[PDB]
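Residue-level listing of the chains:
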Amino acid sequence: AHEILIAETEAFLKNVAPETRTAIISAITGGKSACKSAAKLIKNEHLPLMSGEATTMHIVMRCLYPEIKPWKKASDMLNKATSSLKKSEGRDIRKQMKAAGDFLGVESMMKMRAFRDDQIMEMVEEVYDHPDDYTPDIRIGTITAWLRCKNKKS
Ligand SMILES: [Mg+2]
Ligand SMILES: [Mg+2]
């Protein structure tokens, strides 16, 4: 569903410059080495992105290629954003994510269970903190659904 992911990332980045957006999108669709390089560029904050835009893009990139190490700024952010969740609540979310299977499943899970922002964000934290615990379909689906949610507020 990486095609839909790319589309949502493009929309998420609509307000940045072309070359810049083009540089990011071209890299993330350019293979593992290209995406890795783009993630390093992102975390070093050389591009003129807002803090939230940079962390969002690093999450997208690590979700695509989990060999990319975690950026503390993004990691810490997801921790704070979900700090009010009981461990039991997160346990339920892990199971439900897995059972969701793919993008359509994950989107449906978020909507039909009327998830709060913190619950959505716990799904994103699961894929960012523990990408290897989830299939590519779940990682991409979760991040796509998350980006779709944000873009609908634009
Ligand atoms: Mg965490
Ligand atoms: Mg958490």
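Sequence-order numbering is used: residues on each chain count from 1 as written, possibly diverging from the entry numbering, and only residues with coordinates are shown. Whichever chain is written first becomes A and whichever ligand is written first becomes 1, with later ones labelled in order. Excluded from the side-chain calculation are hydrogens and water; included are all heavy atoms of the structure.

Method-wise, the PDB entry is recorded as coming from X-ray crystallography, at a reported resolution of 1.500 Å.

### Regarding the overall build of the protein
Working definition: helices are DSSP H or I runs of at least four residues, strands are E runs of at least two. Numbering for both runs from the N terminus. Broken down by element type, the protein carries 9 helices and 0 strands. Secondary structure of the protein in N-to-C order comes out as α-α-α-α-α-α-α-α-α. Based on C-alpha atoms, the radius of gyration is set beside the globule rule, defined as 2.2 Å times the residue count to the power 0.38. Taken over C-alpha atoms, the radius of gyration comes to 15 Å for the protein, in line with the 15 Å a tight globule of 154 residues would show. The dimensions of the protein, computed from C-alpha atoms along their principal axes, are 40 × 30 × 30 Å. Once local pairs closer than 6 in sequence are excluded, the contacts in the protein between residues at least 24 apart make up 65%. Where accessible areas are quoted, they stem from the Shrake-Rupley method and a 1.4 Å probe; at the residue level, only the protein chains shown are allowed to cover. As displayed, the protein has an accessible area near 8200 Å², and 51% of this comes from carbon and sulfur atoms. We score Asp and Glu as negative and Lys and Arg as positive, and we do not count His or the chain ends. Each charge is placed at NZ for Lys, CZ for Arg, CG for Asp and CD for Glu. With 25 positive and 21 negative side-chain charges, the protein shows a spacing of 3 Å between the two charge centroids. Working rule for contacts: check all heavy atoms of both residues, and any pair within 4.5 Å makes them a contact.

### Observations regarding the coordination of the magnesium ion (ligand 1)
For Na, K and Ca the donor cutoff is 3.2 Å, while for all other metals N, O and S atoms count as donors only within 2.8 Å; water does not appear among the atoms, so some sites may look incomplete. Protein coordination at the magnesium ion (ligand 1) comes from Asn79 (OD1), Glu125 (OE) and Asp129 (OD), with a distance range of 2.0 to 2.1 Å. The distance between the magnesium ion (ligand 1) and the magnesium ion (ligand 2) is 5.4 Å, with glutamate 125 acting as a donor to both metals. Remark: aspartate 129 and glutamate 125 occur in helix α8 (residues 117-129); sequence separation between them is 4 residues, near one turn of the helix.

### Structural notes on the nonpolar core
By size, the foremost hydrophobic cluster in this structure holds 46 residues, and its most contacted members are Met61 and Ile143. Sorting elements by how many residues they give to this core places helix α4 (residues 51-64) first, with 7 residues. If near-sequence neighbours (up to four positions away) are discounted, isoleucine 143 is found in contact with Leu5, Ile59, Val60, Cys63, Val124 and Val127. Residues belong to one nonpolar core when they are buried, are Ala, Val, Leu, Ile, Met, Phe, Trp, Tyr or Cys, and are joined through side-chain atoms within 4.5 Å. A 1.4 Å probe rolled over the protein chains alone gives each residue an accessible area, and that area as a share of the maximum for its type sets the label: buried under 20%, exposed over 50%, partly exposed in between.

### Notes on the coordination of the magnesium ion (ligand 2)
Coordination sphere of the magnesium ion (ligand 2), protein contribution only: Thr82 (OG1), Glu122 (OE) and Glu125 (OE), at 2.0 to 2.2 Å. Positions of the donor residues of the magnesium ion (ligand 2), expressed as sequence spacing, correspond to T-x39-E-x2-E. Classification of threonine 82 as buried rests on a relative accessible area of 7%. On the basis of relative accessible area, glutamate 122 is assigned to the buried category, the value being 11%.

### Observations concerning the state of the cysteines
Two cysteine sulfur atoms make up a disulfide if the distance between them is within 2.5 Å. With the rule as written, the count across this model stands at 0 disulfides. Counting only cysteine sulfurs, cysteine 63 is the nearest neighbor of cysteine 149, a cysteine outside any disulfide, at a range of 16 Å. With relative accessibility at 29%, the residue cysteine 149 sits in the partly exposed group.

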